[PDB]
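Chemist: experimental structure below, sequence on top.
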Amino acid sequence: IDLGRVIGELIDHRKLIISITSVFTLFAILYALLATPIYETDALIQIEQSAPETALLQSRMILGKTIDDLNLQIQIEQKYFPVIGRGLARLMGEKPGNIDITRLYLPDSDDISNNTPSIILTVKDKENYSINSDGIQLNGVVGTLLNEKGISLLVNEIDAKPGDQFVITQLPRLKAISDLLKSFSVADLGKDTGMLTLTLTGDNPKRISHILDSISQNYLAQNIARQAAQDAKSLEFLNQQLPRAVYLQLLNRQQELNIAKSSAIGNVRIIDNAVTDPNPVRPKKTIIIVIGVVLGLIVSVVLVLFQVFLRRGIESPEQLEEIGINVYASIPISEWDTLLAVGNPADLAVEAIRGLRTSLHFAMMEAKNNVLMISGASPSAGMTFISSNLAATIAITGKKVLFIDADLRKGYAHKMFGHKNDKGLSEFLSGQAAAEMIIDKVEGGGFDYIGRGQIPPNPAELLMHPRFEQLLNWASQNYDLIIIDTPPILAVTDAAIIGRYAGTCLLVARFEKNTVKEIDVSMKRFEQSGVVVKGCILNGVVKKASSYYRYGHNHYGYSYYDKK
Amino acid sequence: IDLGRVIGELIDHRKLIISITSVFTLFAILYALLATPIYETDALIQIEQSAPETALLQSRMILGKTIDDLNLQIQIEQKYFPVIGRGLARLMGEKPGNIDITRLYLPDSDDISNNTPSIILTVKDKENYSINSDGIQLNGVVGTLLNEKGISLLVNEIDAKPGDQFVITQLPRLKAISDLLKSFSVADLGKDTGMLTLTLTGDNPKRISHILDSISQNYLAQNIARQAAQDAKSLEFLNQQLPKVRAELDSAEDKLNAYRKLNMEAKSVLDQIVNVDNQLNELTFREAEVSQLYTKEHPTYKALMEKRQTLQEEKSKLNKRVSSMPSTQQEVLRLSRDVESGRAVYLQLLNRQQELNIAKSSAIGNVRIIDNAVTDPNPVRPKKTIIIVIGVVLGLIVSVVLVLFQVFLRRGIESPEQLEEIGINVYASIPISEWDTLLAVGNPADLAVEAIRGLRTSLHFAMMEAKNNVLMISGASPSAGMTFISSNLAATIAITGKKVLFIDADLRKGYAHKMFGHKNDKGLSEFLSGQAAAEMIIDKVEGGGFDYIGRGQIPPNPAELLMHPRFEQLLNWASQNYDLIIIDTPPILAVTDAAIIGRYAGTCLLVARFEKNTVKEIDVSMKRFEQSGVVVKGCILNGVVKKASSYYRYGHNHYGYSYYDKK
Amino acid sequence: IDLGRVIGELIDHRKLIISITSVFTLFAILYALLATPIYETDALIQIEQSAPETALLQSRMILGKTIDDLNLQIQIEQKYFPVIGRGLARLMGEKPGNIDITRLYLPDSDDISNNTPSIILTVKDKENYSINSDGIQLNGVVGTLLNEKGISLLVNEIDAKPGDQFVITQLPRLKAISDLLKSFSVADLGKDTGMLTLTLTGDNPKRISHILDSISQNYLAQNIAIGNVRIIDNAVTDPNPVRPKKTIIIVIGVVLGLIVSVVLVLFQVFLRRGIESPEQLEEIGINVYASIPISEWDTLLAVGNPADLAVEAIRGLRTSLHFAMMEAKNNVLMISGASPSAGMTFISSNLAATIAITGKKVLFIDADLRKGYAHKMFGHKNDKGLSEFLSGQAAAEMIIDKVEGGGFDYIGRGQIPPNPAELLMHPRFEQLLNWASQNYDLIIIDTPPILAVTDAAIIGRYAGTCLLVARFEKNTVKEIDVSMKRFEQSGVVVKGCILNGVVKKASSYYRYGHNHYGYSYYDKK
Ligand SMILES: Nc1ncnc2c1ncn2[C@@H]1O[C@H](COP(=O)(O)OP(=O)(O)O)[C@@H](O)[C@H]1O
Ligand SMILES: Nc1ncnc2c1ncn2[C@@H]1O[C@H](COP(=O)(O)OP(=O)(O)O)[C@@H](O)[C@H]1O
Ligand SMILES: Nc1ncnc2c1ncn2[C@@H]1O[C@H](COP(=O)(O)OP(=O)(O)O)[C@@H](O)[C@H]1O
Ligand SMILES: [Mg+2]
Ligand SMILES: [Mg+2]
Ligand SMILES: [Mg+2]
C-alpha cells in the first residue's frame, strides 16, 4: 500500500468516515452542552507550617460543623425524568427552581440499603406545596411546619413555578461530609508560605461560596479556640490564684491575659473570602469536542483500514487477467421486469454490453456452433441481466436470436419478457411439449425466448436428456445466435451439462461480491467437465477512486452523448 | 499469517471465545458479588516526630489493651455451610445475625494443633439457645451465665432468627492481637506533621469503628496519665507492692516444693479458678484508671461492675465446686492456686510497673483526638470494577491463546487447494449434510447431493477413456465418507437412467446392506469363498435404482478372499450387465484390500475427510496405491464446512451456494 | 522447529516429563514437611541513637550473660537415628520429649577435635534414667545429683516416654554464644526512633521466648548500671513457623522439575538420529515398501494373531511386492538390513506366512549361518540344515522342512559353520536356489545384517529382489544409505526398504503430516 491507495480508500469510504466522525462529534457536543456546569470558588488562608492545618481543614470535625450550620444533609434536587432533562432545561433559558428548607426529619426507613430516605415535593403555587414519599400525599404551606406521618418538613421561600417537582433527600451526616470533602481541596501555593488556597467545586455557584465561607469561618473560630483557651487557661488559673504587692503584681497579670485572650487571630488569617468563578471549570467544552473529532476520526480510519484489508472481492478486471482469464467486458451498475437494453438503450451499462457484443462477434467466430452459454460462480451475479440484455443488443443488429432460460430452478425470464408460462423448457425436456410450442417472442425485444416452464423436481437430470441437444441442434438452424441462461456453477451442475452443447461459454463475475479464486474455481470446474470457458464478464462495476490509484484505470467508462 | 487470517480464525472460533470469556466474566462477577465486603474506618490523631508514636500504636501493649477491653479474643462467625453461603445470604437481603458475648471460657483443649477451641451456638429463640462443642448439647439462656462441663459462656442480646448457628472461637490473646495488627495501619499523611491517620479494615462496619476508637482512647489515656503519672503515688506503690507480692509468691513456691517433695475434674477447675482470678485482679487495676479518667455513670464503668459481678458469680460457683471435692485434691488446689494466681499477680504488677515507666518517658504533652473513628459505608474491597474488568481481559487473552494454539496445531485439510498444491485432482468438495437412509434418496435437494451431482458430471468426463466401467472408491482413514459418497454417487447416477451396481467390498466393516435393506445371506464373501453364485448375491436397493452386492458374512481372511480369481470374474461379468460398477472399499492406510481391488478397477478415487485427514495422509495413500499398480485418478474432499478462515486465507471457502426458489 | 514440533515432543515424552516433575515435587514436599519448623519471637525495646545499643546487644558480654542464666551451654537433642526421623515423628503427632537439666559437667575430653563432649540419656521411666557416654552405663534418678566417673549431671522433670534417647552435649561457652548470636538480630524499624525490634529464631517456640526475655532483661539491668531504657513488648513467639516456607519450596519444586524435564526432552530431541518416518528414507531416494508397526501382541505372528496390526502391514507389503517382484530375474527374494535385531527375521518369516496363505508355494531359507534361529521358531529337526548342504554332507531334499502352522517349507541354517561367508560362496548355494526356483513360487532368504558381515552381499548375487529392513528408531538414515551402497558396490541392487518397528508418535504427526502407524479396522465382534 502507498499514499495513492490509502487516499483512494479514504475518498471511497468518505460517507462512512464523515458519518462516524459526525456521530462522534455530535455525541461530544451533546455531552459538552448537556453536562451540568460545575463551578469553583476559592478563598485564601495565611499562616506562619500550614501542613498540619491542611489536615485539620479537611477533618470531619471542621467539615462536620459546616454540614450542621448550613444543613448540608438536606439534599434538594430539581426533578428531571431523563438523564438529559437538566441540561436541556438550562439551554432553554429555564432558571432552575430552588426551595429553602430549614428543618427536615424523614421517618428514617433505614432499611437494608436505602439509608438515605427521600420524598418528592411538587410545587403547587408560591405558598403551598405537596409531598409524596411512597404515595402518601401531604399538603404543606410555607411557614407553618409539618409534623405528620412521622415526617417533619419546613419549607421556606419556594422560588419556582407550579408543577415543578423536587427530590428531597436526607442523607446521613457522614455522607454529607464525604460529599463536601470530595469537592473541597486545600493547597499551599508556595509550599513555604502561610497562605492556604481553599477551593471548592459544585453545580450551584452561590451555594459553594456560602459553604467555603462557612468552612473558613468555622476553621477560623476553631483556630482561636486552640490558643485563646491557652491564654484563657493561664488567665483562668490566674483568676483562681488571686490571694498585697503580689496581689497588685498579679493584677498586672490579670489584665495582660485579659488583653491577650481576645485577640485570637494570629497564626491563621483569611486573606480573601470565597467568591465563585462565574466561568464553569467543567465540562471543558473545547477539549471534549476536540477529542470527539479526533476519536471519531481514528475510529473511522481503523474501520476503513479493516474493511480494506478484509475485502477479497474483485476490484478490477486486472485481478482476473493476472490469472489468465479473458475479461470481455466490464458492465457498470445501471442506476436506472424490464429489459434495460429496451427501456434505456442509451444507458451506460447498455453501452458496455454493446462493447461485449462486438467483442463476442470476434470471439464467437471459429466456434463449433452459434450457441452461447452464459453462466457464473454465484447467484445474483448478473448472468440473467447480461444474457438477456446481450440478446437484446444483438437483436437490434438484425440477427435472429433465441434466448433459452435453462435455469429450471429459479428462472424468471418469462416474467421479464411477458409470458405464456405454459410449455417451457421443462415441458419440452419431459416430453410433454413440442419445440415449436415453447418458443415465444419478446414483445419489446426482437428475439424469441424459451422459458423454463414449471420447475421440475429433477432439473439436472432433465438437462441430460437427449432432447436438449435436439432442441439446440434444431434452434441452431433457425437462429443466428442462441443465448442460454444457466444457474451458477458453484451452486449446481446444470451449466456443466448445458456447456457440453454450447460452442462458447462466458462467466459473469460480480464486481465486489465474487472473488478471483471464486471465478478461478468456477472456470476449472467447467474444464473438469469438458466445458471450455472462453472468458469472463465483470458485472456491476462501480466508480471507485481506489481503483484509479491502485491501477491506472477504474474501468467504469465514460458518458458520451450530446446532452440534447 | 495476516489480518484476514486471524480475523477469520476469530470468527470461526467465536463460540469457543465467547464461551471461555463468558465463563471467566461469570467467575469474576460471582467473586465480586459473593466476596465479603471489607470496610475501612479512619481516625485523626494530633501529635505534639510521630515516627516513634507509630511503632507504639502498633505495639502489643496498646493493641493488647484493646483486645481485653472489647473481648476481641471471642470470635463469633455466622455459620454458613458452603464457601459462598455468606455472600449469597447478603444478596438475598438477609441481615447477618449477631450475638453479644461478654464472658467466654472454653475447656481449653490446647491439643497438638487446635490451640483455638470452638463451640457452635444454635439460636432457638430470642431468649434461650443451645451449645454443642463436640456433640455435648447444653441449653443456655440470655442473662443467666453457664458454668457446666468446664465451659463458661455468657450470651447477651441474641439478635438473630431461630435456627441460625454461630461458630464461637476463643482464639489466644496473641492471635487476637496479630489479627488486629494485620488490619490496623498508621500513617503520617504529611511526613512532617504531628497528624497520624489511623486506619482499620474489617467485615463489620460498626465493630471496626469501636475498635479504632478503643485503640485511640487507650493511647489518649496513656499520655494524659503521663502528665499525672509523675506525681502519682502509683509508682511508689508498685515500688513497694512488687517486692511484697514477690516474697508471698516465693513463699508459695517454696511450699509447693514441700508438698511435692492430675484428676481430670480437679485439674480442669484449677485453670478456670486462676482464669477468673486473673481477670478479677486485672479488673481491679482497670477500675482504678477508669474511675479517675472517666465517671461512674459512664457506660464503660458500668460494664466493669457488671463484669466483676459476673466473675464473682463465676468464682462463687467455682468455690462451691472446690468444697465438693475431696480434701486430697482440695489440698493441692489451694496450694496450686497460691502459685498460679501468685505468678499471675506477679506478672501483672511487672507489666503495671513496665507500662508505668513508659508513660513517664512519653516526651509528648497534650494528646487531642481531632477526629474519632467513623466507618466509610462504601466497602474498599472487593473492588468490583477492577475484578470484572480483569475477568473480561483475562478471559479474552485465554480465549485468544487457545485459538492461537488450535490454529498452529491443526494439520488437517482446509481447502481443496492444499491437495492441488501437491498435484492431486479434487473432483468434488462435498459439504456436511446437516439433514440407514440414502441422502440422495431421502433429501435429493440437499446441498451435499448437489455437490455429488457435480461429481457425477465430473466423473462422466474422467471415467471416459478408462479400461472398464468399474469405479473403485477408497480413502486414507476410516469414517472419511467412502461409503457415504460411493452409495450416494451410485444413487445420483441411477436416476440418470443408468444401470449401476454397488459392490460393498468392505468385507470387514461394510454396512451397506443395512443401509439398503438386506437379505444378508449370500453376499460377496459367500461368492468369493465359492458358496454362492453371482446371480444370488445381486440385490436391488428399494428406494434406489441400482443393484448392490453386500459384503456377506465377515470372513476370517478378507484380504485373501479378494485375491481369488472369482472377484475378477464377478467384475468381468458385471461389467457386461451394468453401465457402471461402484466398489466400496476399506481405507488404504488401514488395510490393503483396496490395493487388491484397485487392480481390476478402471478408475479409482480417494475420499478425503475435510479436517480429519491431512494432505500428507492423502499423499501417502495415493503413493501406496501407485506402489501396488493402482492409478488413483483424483480425490474427493468430503465433509466440508463453512469457514471464514478459508475465505480470507484462500479466496473461496469451497462450501457452495443454495439455489432453489424457496417454494 | 516450531510450535507443533515441540508440542508433539512434549506429548511423546509426557511419561518422562510427568515422572521427573513428580519426583521433584515429591522431594520438595518431603522437605517442606520433614524440615524442622523454625519459629520467631520478637520484642520491642524503647531507647532514649540506638546504633551503639545494637552492637552492645549482640556483644558477648550481654549474650554471654544469657548463656549463663539459662544454661544454654547444655544442648539437649531428641535422638532420631535418620536425618528424617524428627520430621516424621512430628507428623505422626508425637509430642517431642524434653528434659530439664540444671547442672551438667562432662569429663571434658577436649581432644584434638571434639571440644564438645557428649553423652546419651535413655529414659527408663518418669523418675529414673540411664547414661552412656562411651559405653559406660550409669543409672540416674531425678532429684539426686550424680557425681560418678567424672560426670556431673542433674536431670529435673523428665517429660518424655520410656525408651526415648537424648543427646546431651556440653558445648563451650563461645559456641553457645555464637549459636545464639547467629539467630538473634536487632533492628531499628524507624532508623531514627528509639525503638529496637529484637528478633530471635529457633526450633523451640517456648525456649526462644525465654531466651529473648533474658537478653532483654540482661541488657536492661546492664544499661542502668541513655538512661531509663524500657521494655515495651516482652518476647512472644509467633506460632506460625517462619521456615520452612512450604509454598515457595513446593512451587520451586514444580518449576525446577519442569525446566529439568524440558531440557532433558530438549536434549533427547536434538541428540536423536534414528529414523522417524519413511519420509526421511525417501528424501534420499530409498523406496519404502512398507512400515510395520510394533506388534504389542517361538511363534509366527502371522499365524498366532493374523488380525494383528503388524500382519495387516505385512499384507500391504505382500501386495506391494507382487508388483515390485515382477520383471525380476528369478523368484528369489533376499531380505537383509543394516544392523542386527532390526526385524529381518521377523519380517521375512511373517512375509512368507502371509504369502503362503494366498495359495503359493514358498520356501524360507535361513541363510543366517551365524545366529539363525528360524528352526527354533518353526519347530525343527535341526540336523541337515543349510550348512550341512553347503559343506556337501546333505542333499537338497533332506534339508527342506515344513512349517507346522505355516504353509511354506523352510531350510534351517544347520550347525553353525566356522566359515559361514566362505560356505555361501560355494557353487552349491546357487544350485540350491536354481533347484528351489523350479519347485517353489517364491524363495525368501533370511540373511545377516550387511553392516555386520558380508554374507548378504554374497547371497544377494543370486536373488532377483533384495529388500532392506530398517528399524524405526534404532537405525539412522545414513546407516541405511551406507547399507544400500555397500550392496551396490558388490553388484547387488536393493529394490527398496522396509521400515520396521514403527510406534505411534505425536511428533511425527506435527513434523510430517502422517505418523505412518496405521489404523485398526475390524467390526469389534
Ligand atoms: N450491472 C447491473 N446493473 C444494474 N443492475 C444489475 C446489474 N447486474 C444485475 N443487476 C440486477 O441485480 C439482480 C441480479 O441479476 P440476476 O440476473 O437475477 O442474477 P443471476 O442470474 O446471476 O443470479 C437483477 O435484478 C439485476 O436487474
Ligand atoms: N459429507 C457428509 N455429510 C453428512 N454425513 C456424512 C458425510 N460423510 C459421512 N457422513 C456420515 O459419517 C459416517 C461415516 O461415513 P462412512 O461411509 O461409514 O465412512 P467410511 O466408509 O469412509 O469409513 C456415515 O454415517 C455418514 O452418514
Ligand atoms: N515389528 C515387530 N513387532 C514386534 N516384534 C518385533 C518386531 N520386529 C522384531 N520384533 C522382534 O524383535 C526381535 C528381533 O527380530 P529378529 O528377526 O531376530 O532381528 P534380525 O534378524 O534383524 O537380527 C525378534 O524377537 C522379533 O520377534
Ligand atoms: Mg439467473
Ligand atoms: Mg465403508
Ligand atoms: Mg536374523
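Modeler: Thanks, I have the structure now. Residues are numbered from 1 along each chain as shown, chains lettered A, B, ... in the order given. Ligands and ions are numbered 1, 2, ... in the order given.

Chemist: can you report how many residues lie near residue A:6?
Modeler: Neighbour count of residue A:6, defined by other CB atoms under 10 Å in any protein chain shown: 16. Where C-beta positions appear, they are placed from N, C-alpha and C, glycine not excepted.

Chemist: element containing it, please.
Modeler: helix A:3-12 (DSSP states H and E).

Chemist: what do you get for residue A:83?
Modeler: Per DSSP H and E, there is no helix or strand for residue A:83.

Chemist: give the bridge partners for residue A:197, please.
Modeler: Assessed by DSSP bridges, residue A:197 has beta-bridge partners residue A:44, residue A:187.

Chemist: dump the helix holding residue A:6 to CSV, restricted to CA.
Modeler: Provided in CSV are the C-alpha atoms of helix A:3-12 (Å, rounded to 0.1, in the frame of the first residue of the first chain):
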residue,chain,number,x,y,z
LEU,A,3,-0.2,7.1,-0.5
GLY,A,4,-2.5,6.8,-3.5
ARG,A,5,-4.0,3.6,-2.3
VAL,A,6,-4.9,4.9,1.2
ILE,A,7,-6.1,8.2,-0.2
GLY,A,8,-8.4,6.4,-2.7
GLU,A,9,-9.7,4.3,0.1
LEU,A,10,-10.4,7.4,2.2
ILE,A,11,-12.2,9.0,-0.8
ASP,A,12,-14.3,5.9,-1.4
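
Chemist: what sits up against the next helix or strand after that helix?
Modeler: Following helix A:3-12 in sequence order, the next helix or strand is helix A:14-34 (DSSP H and E). By CB atoms under 8 Å, 6 or more residues apart in numbering or on different chains, the surrounding residues in contact with helix A:14-34 are A:10, A:84, A:86-88, A:91, A:283, A:285, A:288-289, A:291-293, A:295-297, A:299-301, A:303-304.

Chemist: return the members of these classed as buried.
Modeler: A:10, A:86-87, A:283, A:285, A:288-289, A:292, A:296, A:300-301, A:304 (16 or more other CB atoms under 10 Å in any protein chain shown).

Chemist: farthest pair within those?
Modeler: A:10 and A:86 (39.6 Å; CB to CB).

Chemist: what separates the helix holding residue A:6 from the chain centre, distance-wise?
Modeler: 23 Å (CA atoms, centre = their mean, to the nearest Å).

Chemist: nearest residue to residue A:117 other than its sequence neighbours?
Modeler: Leaving aside its sequence neighbours, residue A:117 sits nearest to residue A:106 (CB to CB, 6 or more residues apart in numbering or on different chains; 3.9 Å).

Chemist: run a quick neighbour tally on that neighbour.
Modeler: 19.

Chemist: close to ligand 4: what parts of the stretch 1-150 of chain A are there?
Modeler: By CB under 5 Å from the ion, no residue of the stretch 1-150 of chain A approaches ligand 4.

Chemist: now do the strands in the stretch 1-150 of chain A.
Modeler: A:38-47, A:74-78, A:98-105, A:118-123, A:128-132, A:137-141, A:146-148 (DSSP state E, counting those that start in this stretch).

Chemist: present these as a markdown table; the columns should include mean neighbour count and distance to ligand 3.
Modeler: Below are those laid out as a markdown table (neighbours: other CB atoms under 10 Å in any protein chain shown; distance: least, CB to the nearest ligand atom, whole Å):
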| stretch | mean neighbour count | distance to ligand 3 |
| --- | --- | --- |
| strand A:38-47 | 19 | 84 |
| strand A:74-78 | 17 | 87 |
| strand A:98-105 | 16 | 94 |
| strand A:118-123 | 18 | 85 |
| strand A:128-132 | 17 | 92 |
| strand A:137-141 | 14 | 96 |
| strand A:146-148 | 14 | 100 |
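
Chemist: quick one: those as a markdown table, columns for distance to residue A:508 too.
Modeler: Listed next are those as a markdown table, based on distance: least, CB to CB, whole Å:
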| stretch | distance to residue A:508 |
| --- | --- |
| strand A:38-47 | 64 |
| strand A:74-78 | 66 |
| strand A:98-105 | 73 |
| strand A:118-123 | 69 |
| strand A:128-132 | 72 |
| strand A:137-141 | 75 |
| strand A:146-148 | 83 |
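
Chemist: among these, which comes closest to residue A:321?
Modeler: strand A:38-47 (64.5 Å).

Chemist: need the contact partners of that closest one.
Modeler: For strand A:38-47, using CB under 8 Å, 6+ apart, the contacting residues are A:53, A:193-205, A:208-209, A:212-213, A:216, A:219, A:267-283.

Chemist: buried members of these into ChimeraX, please.
Modeler: The buried residues among these can be selected in ChimeraX (16+ other CB under 10 Å) with this line:
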select /A:53,194,195,196,197,198,199,200,201,202,203,205,208,209,212,213,216,219,267,268,269,270,274,276,280,283
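
Chemist: in helices, which of the contacts of strand A:38-47 appear?
Modeler: A:53, A:205, A:208-209, A:212-213, A:216, A:219 (DSSP state H).

Chemist: tell me the residues of chain A that contact ligand 1?
Modeler: Contact residues (CB under 6 Å from any ligand atom) of chain A with ligand 1: A:331, A:333-334, A:349, A:376, A:379-385, A:539-540.

Chemist: pretty sure residue A:539 sits in a strand.
Modeler: Yes - assessed with DSSP: H, G, I helix; E, B strand; the rest coil, residue A:539 lies in a strand.

Chemist: just give the closest residue to it, not the sequence neighbours.
Modeler: That would be residue A:382: by CB to CB, 6+ apart, it lies 3.6 Å from residue A:539.

Chemist: dump stretch A:346-363 to PDB, restricted to CA.
Modeler: The C-alpha atoms that make up stretch A:346-363 are tabulated as PDB, following Å, rounded to 0.1, in the frame of the first residue of the first chain:
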ATOM      1  CA  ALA A 346     -28.600   4.900 -24.000                       C
ATOM      2  CA  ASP A 347     -27.700   3.600 -20.500                       C
ATOM      3  CA  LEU A 348     -24.000   3.400 -19.600                       C
ATOM      4  CA  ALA A 349     -24.500  -0.300 -18.900                       C
ATOM      5  CA  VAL A 350     -26.000  -1.000 -22.300                       C
ATOM      6  CA  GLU A 351     -23.100   0.900 -23.900                       C
ATOM      7  CA  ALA A 352     -20.800  -1.600 -22.100                       C
ATOM      8  CA  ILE A 353     -22.900  -4.500 -23.300                       C
ATOM      9  CA  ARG A 354     -22.600  -3.300 -26.900                       C
ATOM     10  CA  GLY A 355     -18.800  -3.400 -26.400                       C
ATOM     11  CA  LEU A 356     -19.400  -7.000 -25.400                       C
ATOM     12  CA  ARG A 357     -21.500  -7.700 -28.500                       C
ATOM     13  CA  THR A 358     -18.600  -6.600 -30.700                       C
ATOM     14  CA  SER A 359     -16.100  -8.400 -28.600                       C
ATOM     15  CA  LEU A 360     -18.100 -11.600 -29.000                       C
ATOM     16  CA  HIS A 361     -18.600 -11.300 -32.700                       C
ATOM     17  CA  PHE A 362     -14.800 -11.700 -32.800                       C
ATOM     18  CA  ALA A 363     -14.600 -14.400 -30.100                       C
END
